[PDB]
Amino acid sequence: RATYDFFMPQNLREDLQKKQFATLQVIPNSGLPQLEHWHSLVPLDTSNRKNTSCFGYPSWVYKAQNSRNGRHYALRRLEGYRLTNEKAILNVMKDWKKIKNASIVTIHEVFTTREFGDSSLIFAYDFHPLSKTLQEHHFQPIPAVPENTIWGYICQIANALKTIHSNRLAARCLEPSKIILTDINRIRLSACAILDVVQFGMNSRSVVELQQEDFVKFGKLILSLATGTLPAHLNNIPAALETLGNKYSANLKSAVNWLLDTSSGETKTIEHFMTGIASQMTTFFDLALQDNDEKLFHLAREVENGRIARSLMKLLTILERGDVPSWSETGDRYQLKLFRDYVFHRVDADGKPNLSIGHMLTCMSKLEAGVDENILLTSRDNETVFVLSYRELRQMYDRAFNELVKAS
């Protein structure tokens, strides 16, 4: 079913570059204000549709830079929220600051502000650059969602619900617009604890009851992805379940049916639900580790590039210096010169220059490691040649450099 590269970006380097670029963007002179601890606000909303569907208030999301640690965060703003009870913020925030989960966007702070020209309620989240909602990704008007992708989503939401429910809390909001893809097939709940504050007090439903609602909302989320119609527009659930049954396996239809069902005399628990998707959970555990290996591979390659870069800088500092006289032309530095030629002045038998990057990187790594491998250094007149090991070259190399450190 699923591919090994399930959690793997196609081009990790560009992806990181684009995300870094998106993280640093600022608007020099915007009408947006500066908060006591936040500045350089940048809107992330593609469309400023004054919509109140999710929280009963219009909501904006800003990328902002914190003043204390200088890191970037996502600020969720509820326009027009008037603080009547400070306890709503303190109690909800006290419960959610504990939560740390790979499938939930962390909340750090909740506060009210007047800097926007009104009474606004601000929620400060982790920032995930170039994130798009499941709504934006799958429902935006122009294809069918692969079943393995849905199972991936199910396992990640299940992961979130395990942590949330175990802490005597509920994921009040499971709408597609409030679940973001922070990377390929990687989803996180983007709006936790907001409904906890908005519905504080006036709510009468208990925790367990709210948790029962999480499963229904969970089931409607899957149904939306399978049918392509948003949850709020699902008029005929039986008709949707039957659409799902024709496109997907019986296993998926059974899971969604268990999530939607409220007529059984048994209370639904995340414990029971996980037991039923154990096989899928193991598969995406595997895929996560394989992607970990992929990231470790690239990370190891770039850390070594860092080491090589510092070696190349030292090399450039040593050779052809200005100024003992002819210091770079005599003794050890002369061999270092021929080594440079061997690595960076490679030429084919025909006489054409060879610019293979691989030969160059391999040689510099062997130099740092001081490998007991021999190479043939050829003089520029080439009448004379020298056989040296990388271990020996490293010795000359370190000795030539620390002479300059002596001179300070």
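Sequential numbering from 1, following the sequence displayed.
Where coordinates are absent for parts of the deposited sequence, a chain break appears; between neighbours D323 and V324 it spans 1 to 3 residues.
Of the two segments, 306 to 314 and 245 to 253, the one listed with the higher mean B-factor is 245 to 253 (C-alpha atoms only). The stretch with the higher mean CA B factor, choosing between 148 to 156 and 87 to 95, is 87 to 95.
Taking only the listed residues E136, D291, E109, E271, the entry reports the highest CA temperature factor at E271. Ranking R186, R205, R71, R76 by the C-alpha B-factor listed in the PDB entry places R205 at the top.
The deposited CA B-factor of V343 belongs to the middle third of values across its chain.
Per-chain ranking of the deposited C-alpha B factor places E175 in the lowest third.
Sort the chain's modelled residues by C-alpha temperature factor and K18 lands in the lowest third, per the entry. In this PDB entry, the Cα temperature factor of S328 sits in the top third of its chain's modelled residues, the highest group.
In the deposited entry, the Cα temperature factor of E368 places it in the lowest third of its chain's modelled residues.
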